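K.L.:
Just passing along the structure, written as structure tokens.
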Number of protein chains: 6
Amino acid sequence: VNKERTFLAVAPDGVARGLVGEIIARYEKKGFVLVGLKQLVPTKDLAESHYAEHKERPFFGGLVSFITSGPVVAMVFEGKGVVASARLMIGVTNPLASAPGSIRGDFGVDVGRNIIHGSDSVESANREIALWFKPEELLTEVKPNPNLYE
Amino acid sequence: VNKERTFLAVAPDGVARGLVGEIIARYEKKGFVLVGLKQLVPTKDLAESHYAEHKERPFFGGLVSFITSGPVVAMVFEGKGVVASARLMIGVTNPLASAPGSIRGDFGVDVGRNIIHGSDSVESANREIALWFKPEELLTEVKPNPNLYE
Amino acid sequence: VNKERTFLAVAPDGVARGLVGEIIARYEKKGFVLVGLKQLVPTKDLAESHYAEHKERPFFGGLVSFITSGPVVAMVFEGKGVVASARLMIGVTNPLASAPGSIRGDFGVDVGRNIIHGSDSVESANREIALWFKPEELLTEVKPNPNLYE
Amino acid sequence: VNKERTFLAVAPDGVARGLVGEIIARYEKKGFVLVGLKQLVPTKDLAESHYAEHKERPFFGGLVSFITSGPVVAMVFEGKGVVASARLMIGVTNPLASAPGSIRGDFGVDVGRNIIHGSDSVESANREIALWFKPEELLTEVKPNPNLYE
Amino acid sequence: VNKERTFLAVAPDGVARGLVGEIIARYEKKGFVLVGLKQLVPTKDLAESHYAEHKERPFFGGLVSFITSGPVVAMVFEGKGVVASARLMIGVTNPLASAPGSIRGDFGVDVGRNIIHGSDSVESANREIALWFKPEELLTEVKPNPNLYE
Amino acid sequence: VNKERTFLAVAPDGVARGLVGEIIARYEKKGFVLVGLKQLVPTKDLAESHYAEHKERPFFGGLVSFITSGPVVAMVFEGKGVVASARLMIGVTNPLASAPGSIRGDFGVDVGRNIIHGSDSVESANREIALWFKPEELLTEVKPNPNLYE
């Protein structure tokens, strides 16, 4: 379905470096539709749930600490295969090993400061969206450019 | 003061044409700091107050109708002389008469579809910000790049 | 009317410097629709008529000589106020005095090599189009992005 | 030989989305020389021959139908290894699986709307060029930037 | 003469903000040729002579202090009317009043941090070049793109 | 360590094609810090040592001849994993086989004219830096953007 959605968050380092518009521009050009958008400084509560998956790891605390250290730009994009597509556009965990052309490949150098996060699955996406956004904050009726899907 | 703020709104046509990231990128590069950001579909109530200034004019109704016809990306930027600066970067009322380099000059062709709106004064900016944003939605402590102001 | 059209020609120097896509991209982003397009090496006959206006001037010969010295990319764009708009985007006769943001302002330095030409009027545009293109080479039914005109 | 040539066609969806200049700009920057260029609305006849290879497949009809549904920008580029090079720059069949940096990777989301087509071989290129262009429409003497080949 | 030259210096703030390549790219695209280039941290001695013109003004000290506070990228560009042209591309003294499209117009907000300096005259250019560069550091034989001058 | 450094040289073909600013801009955006920079026309002596590794090969002479045929822009960048990172951003030996997004992938077509060179190892980097730069020409105290490393 072309109605798939994913959650993307530009971390405090991405915001601080002025990469928000550049990042949004990439997904806009790809043809994905913005369904939700907002800047905010996450609470520890939100941060702990978002990173629940790494809670057994020692670096979990560092993650939670940083994400709540400054403004975060939260977004929801809609489109066919957007979850996997968004991840490909982001690159890999290590920005230094990410290919030129991808977001982290073009702008990142440290794992601990890798600019942006994207849901790694539909289930994960579903969870994160309901975590960061209230249903009323999401576009209900969505219509991509008419030249995008056959 | 470098703490001046202005209200910018990418109208439904700007959003529909995928120009949000491109527009945000311009103000980010200029050095202005994003203090508020969110996408939404404005209510007639919000739309009528926002355009209060043209309420005696017949085109007022067309304005209100269009702004509420689709998603709008609302933003607040902070910085020295940002109100006047943002307007210069946008161009003039008629996109066709706007200089290449400005937003409307580069992307617009019709007055009725001129992509983005920016407060025309500090007083107007003050009013519009409190209209579109709740205080809790705005960044309290702001810190621009350290190489921007002497 | 939003059906106005203008003739644009990237001269041999613009082509040689690889500026064709960059130039077309500017008018595409503005919202104008490509109605005709083709690369060719103009004949002296076509060149003399195109520059008829300067035929009494001594530099007329230099113009005709250069335009026929290499490939030229001929185009027709459609849209509201496109004739005047296209000229503004091009800049002024002297590339050095053209504003940054305009085509010649960004890429030119010599009057004798000013990259591109655009009709200076509707009447001139009408004449040039019929000069460079056969009616069958022009798009009949044109439809701009639906978010461009109110 | 640096005189190799390939056929590239921006499909109706690429044209409709205003990606022509952007696409041409990529091949220009790479150093390839434009030998042929023109916009046109293909006839069913031309469309059926162009896609002859898929004529035994059921999706063949959909291909022919779409390519003839709107304007197409046809081009011929010359240069060393241009056929294989152009394909790499385009990406793979599925735009969603194409790498960021490639044309489809940056702008496409659906197989049925993958923006551009490029010959997959020299033999195929030879055939397609003679299909879309008349010999008189192609540049005879070509000269790339002098700093491109040793 | 197309052999005119001007001195351009990206101040410590321009370097710190990662705008060097972007700035050089603008003059390269314009067609001007780089005749000298180097990064360095200026001595007070060099700084005082460079700003000699403002030595009677109280802000003179602030200028000298800042330019020597970090790395500076010094460059010399050659071309027709480059001195006046370079200034137009830079913008005006107040970055906030500079037009979008110009360097300061796109990236600056404070007079005290206006990214780059360019000689304001041929005489001034002549003086500054001999101030920052040794003759052996400048290209002797220069050859612009052959499609730039008639 | 985030203090790793690598040597990058834009060959005469890269300079001649006006790609210096574009190339520097890529490494600046990545977050690497410029520690050394200068344009020069290398002597045969410098050229022979730089290419010492291929001195037993017949193409060695062609390398030395070309690098000394025109201006070269020499640079030193600092950052975590910059040596390997810079190579990834450059692409592979054959520009035609380099991925879109990488420097050679976007701008090159011939092995003998592949725009830029980057040290292939820390040891090689150490050697090349001391070859092209004098210690006094390199920045001593370096400070990347504060949002780059955790």
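Simple scheme: letters A, B, ... for chains in structure tokens order, numbers from 1 for residues in each chain, numbers from 1 for ligands in the order shown.
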Name the residues in contact with residue 24 in chain F at a cut-off of 7 Å, using only C-alpha atoms, excluding same-chain residues fewer than 4 positions from it; report them as an NGL selection string.
P.N.:
(:E and (21)) or (:F and (20 or 28))
K.L.:
Fewer than 3 positions away in the same chain doesn't count, so skip those; otherwise give me all residues within 7 Å of range 129-142 of chain C, counting only C-alpha atoms, as a PyMOL selection string.
P.N.:
chain C and resi 7+35-36+125-126
K.L.:
Can you work out the spacing between CA of residue 4 in chain B and CA of residue 85 in chain B in Å, to one decimal?
P.N.:
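Straight-line distance from CA of residue 4 in chain B to CA of residue 85 in chain B works out to 11.0 Å.
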K.L.:
DSSP on the backbone, then: every residue of chain B marked strand (DSSP E or B), written as a compact mmCIF listing (two decimals) with C-alpha atoms, in the first residue's frame.
P.N.:
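This went into result13.txt:
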```txt
# COMPACT_ATOMS: atom_id res chain seq x y z
CA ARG B 5 11.17 36.81 16.12
CA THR B 6 8.88 36.55 13.10
CA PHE B 7 6.05 34.26 11.98
CA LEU B 8 6.36 32.40 8.68
CA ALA B 9 3.71 30.19 7.13
CA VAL B 10 4.16 28.01 4.06
CA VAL B 33 17.09 29.84 14.67
CA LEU B 34 13.88 27.81 14.49
CA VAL B 35 11.91 28.51 17.69
CA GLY B 36 8.61 26.92 16.68
CA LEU B 37 7.48 24.48 13.98
CA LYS B 38 4.39 22.47 13.08
CA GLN B 39 2.16 21.37 10.24
CA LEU B 40 -1.59 21.80 10.52
CA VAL B 72 0.03 24.64 6.39
CA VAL B 73 3.54 24.51 7.89
CA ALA B 74 3.77 27.19 10.63
CA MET B 75 7.15 28.38 11.89
CA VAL B 76 8.82 30.91 14.16
CA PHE B 77 12.39 32.05 13.53
CA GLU B 78 14.60 34.09 15.86
CA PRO B 100 15.55 35.81 -8.74
CA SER B 102 14.09 35.33 -3.36
CA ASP B 110 0.61 34.08 -9.16
CA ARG B 113 -0.60 31.37 -4.90
CA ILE B 116 4.72 31.74 1.84
CA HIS B 117 3.71 34.55 4.22
CA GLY B 118 5.90 36.43 6.67
```
K.L.:
Got a sec: who's within 12 Å of residue 81 in chain D, counting only C-alpha atoms, leaving out chain neighbours fewer than 3 positions off, as a list in words?
P.N.:
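Surrounding residues, per the criterion: residues 1, 2, 3, 4, 5, 6, 30, 31, 32, 77, 78, 84, 85, 86, 87, 88, 120, 121, 122 and 125 of chain D; 94, 95, 96, 97, 108, 109, 110 and 111 of chain F.
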K.L.:
As a count of residues only, which residues of range 21-132 of chain E does DSSP assign to alpha helix (DSSP H)?
P.N.:
50
K.L.:
Between chain C and chain A, at 12 Å or less, what are the per-residue closest atom pairs and their distances in Å? Count only C-alpha atoms, order by chain and rising residue number, and return it as a Markdown table.
P.N.:
```
| residue | atom | partner | partner_atom | distance |
| --- | --- | --- | --- | --- |
| C:145 | CA | A:145 | CA | 9.7 |
| C:146 | CA | A:145 | CA | 10.2 |
| C:147 | CA | A:145 | CA | 10.8 |
```
K.L.:
Just write the chosen residues, C-alpha atoms, as an mmCIF file, in the first residue's frame.
P.N.:
```
data_model
loop_
_atom_site.group_PDB
_atom_site.id
_atom_site.type_symbol
_atom_site.label_atom_id
_atom_site.label_comp_id
_atom_site.auth_asym_id
_atom_site.auth_seq_id
_atom_site.Cartn_x
_atom_site.Cartn_y
_atom_site.Cartn_z
ATOM 1 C CA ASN C 145 1.044 22.196 -11.804
ATOM 2 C CA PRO C 146 -2.456 22.583 -10.265
ATOM 3 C CA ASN C 147 -1.038 24.538 -7.314
#
```
K.L.:
Need to verify the contact set: range 58-71 of chain A, 8 Å, only C-alpha atoms, exclusion of same-chain residues closer than 2 positions in sequence. Can you return it as a PyMOL selection string?
P.N.:
(chain A and resi 11-12+15+39-44+47-48+51+54-56+73) or (chain B and resi 139)
K.L.:
Just N, CA, C and O atoms for this one: save the residues we selected as a PDB file, in the first residue's frame.
P.N.:
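Printed below is again_36.pdb as written:
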```pdb
ATOM      1  N   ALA A  11      17.722  14.568  15.315  1.00  0.00           N
ATOM      2  CA  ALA A  11      18.218  14.720  16.677  1.00  0.00           C
ATOM      3  C   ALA A  11      18.757  16.122  16.926  1.00  0.00           C
ATOM      4  O   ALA A  11      18.975  16.889  15.986  1.00  0.00           O
ATOM      5  N   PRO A  12      18.967  16.479  18.203  1.00  0.00           N
ATOM      6  CA  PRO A  12      19.486  17.808  18.553  1.00  0.00           C
ATOM      7  C   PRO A  12      20.722  18.248  17.757  1.00  0.00           C
ATOM      8  O   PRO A  12      20.882  19.435  17.475  1.00  0.00           O
ATOM      9  N   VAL A  15      19.560  19.427  14.275  1.00  0.00           N
ATOM     10  CA  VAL A  15      18.907  20.724  14.400  1.00  0.00           C
ATOM     11  C   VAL A  15      19.969  21.807  14.614  1.00  0.00           C
ATOM     12  O   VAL A  15      19.991  22.824  13.920  1.00  0.00           O
ATOM     13  N   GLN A  39       8.515  20.635  16.143  1.00  0.00           N
ATOM     14  CA  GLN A  39       9.766  20.714  16.862  1.00  0.00           C
ATOM     15  C   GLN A  39       9.411  20.669  18.338  1.00  0.00           C
ATOM     16  O   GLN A  39       8.380  21.197  18.750  1.00  0.00           O
ATOM     17  N   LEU A  40      10.262  20.036  19.132  1.00  0.00           N
ATOM     18  CA  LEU A  40      10.022  19.930  20.562  1.00  0.00           C
ATOM     19  C   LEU A  40      11.269  19.439  21.278  1.00  0.00           C
ATOM     20  O   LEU A  40      12.202  18.943  20.651  1.00  0.00           O
ATOM     21  N   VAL A  41      11.281  19.602  22.594  1.00  0.00           N
ATOM     22  CA  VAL A  41      12.384  19.137  23.429  1.00  0.00           C
ATOM     23  C   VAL A  41      11.751  17.967  24.178  1.00  0.00           C
ATOM     24  O   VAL A  41      10.944  18.171  25.082  1.00  0.00           O
ATOM     25  N   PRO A  42      12.095  16.726  23.795  1.00  0.00           N
ATOM     26  CA  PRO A  42      11.529  15.530  24.440  1.00  0.00           C
ATOM     27  C   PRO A  42      11.764  15.374  25.943  1.00  0.00           C
ATOM     28  O   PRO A  42      12.809  15.766  26.456  1.00  0.00           O
ATOM     29  N   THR A  43      10.772  14.804  26.636  1.00  0.00           N
ATOM     30  CA  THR A  43      10.874  14.551  28.076  1.00  0.00           C
ATOM     31  C   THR A  43      11.600  13.219  28.225  1.00  0.00           C
ATOM     32  O   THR A  43      11.660  12.435  27.275  1.00  0.00           O
ATOM     33  N   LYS A  44      12.153  12.971  29.406  1.00  0.00           N
ATOM     34  CA  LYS A  44      12.877  11.731  29.667  1.00  0.00           C
ATOM     35  C   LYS A  44      11.945  10.553  29.436  1.00  0.00           C
ATOM     36  O   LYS A  44      12.345   9.516  28.915  1.00  0.00           O
ATOM     37  N   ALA A  47      11.643   9.909  25.806  1.00  0.00           N
ATOM     38  CA  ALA A  47      12.937   9.405  25.371  1.00  0.00           C
ATOM     39  C   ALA A  47      13.193   7.943  25.773  1.00  0.00           C
ATOM     40  O   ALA A  47      13.734   7.162  24.992  1.00  0.00           O
ATOM     41  N   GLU A  48      12.808   7.570  26.987  1.00  0.00           N
ATOM     42  CA  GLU A  48      13.030   6.200  27.439  1.00  0.00           C
ATOM     43  C   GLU A  48      12.210   5.178  26.658  1.00  0.00           C
ATOM     44  O   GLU A  48      12.697   4.092  26.353  1.00  0.00           O
ATOM     45  N   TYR A  51      13.559   4.708  22.991  1.00  0.00           N
ATOM     46  CA  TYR A  51      14.765   3.868  22.955  1.00  0.00           C
ATOM     47  C   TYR A  51      14.647   2.565  23.745  1.00  0.00           C
ATOM     48  O   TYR A  51      15.651   1.894  23.999  1.00  0.00           O
ATOM     49  N   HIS A  54      17.014  -0.490  23.474  1.00  0.00           N
ATOM     50  CA  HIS A  54      18.387  -0.543  23.958  1.00  0.00           C
ATOM     51  C   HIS A  54      18.480  -0.408  25.471  1.00  0.00           C
ATOM     52  O   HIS A  54      19.579  -0.286  26.009  1.00  0.00           O
ATOM     53  N   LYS A  55      17.344  -0.442  26.160  1.00  0.00           N
ATOM     54  CA  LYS A  55      17.363  -0.252  27.606  1.00  0.00           C
ATOM     55  C   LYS A  55      18.235  -1.201  28.420  1.00  0.00           C
ATOM     56  O   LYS A  55      18.592  -0.883  29.547  1.00  0.00           O
ATOM     57  N   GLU A  56      18.598  -2.351  27.858  1.00  0.00           N
ATOM     58  CA  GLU A  56      19.452  -3.300  28.577  1.00  0.00           C
ATOM     59  C   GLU A  56      20.921  -3.012  28.327  1.00  0.00           C
ATOM     60  O   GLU A  56      21.788  -3.588  28.975  1.00  0.00           O
ATOM     61  N   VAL A  73      13.227  17.719  15.887  1.00  0.00           N
ATOM     62  CA  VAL A  73      12.178  17.960  14.894  1.00  0.00           C
ATOM     63  C   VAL A  73      11.604  16.573  14.560  1.00  0.00           C
ATOM     64  O   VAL A  73      12.292  15.733  13.978  1.00  0.00           O
TER      65      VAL A  73
ATOM     66  N   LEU B 139      10.542  27.493  21.753  1.00  0.00           N
ATOM     67  CA  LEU B 139      11.795  27.264  22.455  1.00  0.00           C
ATOM     68  C   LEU B 139      12.002  28.446  23.377  1.00  0.00           C
ATOM     69  O   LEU B 139      11.810  29.590  22.975  1.00  0.00           O
TER      70      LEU B 139
END
```
K.L.:
To one decimal in Å, tell me the separation between CA of residue 106 in chain F and CA of residue 27 in chain D.
P.N.:
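Answer for the CA of residue 106 in chain F to CA of residue 27 in chain D separation: 8.5 Å.
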K.L.:
Please report the interatomic distance between CA of residue 107 in chain B and CA of residue 29 in chain C in Å with one decimal.
P.N.:
5.7 Å
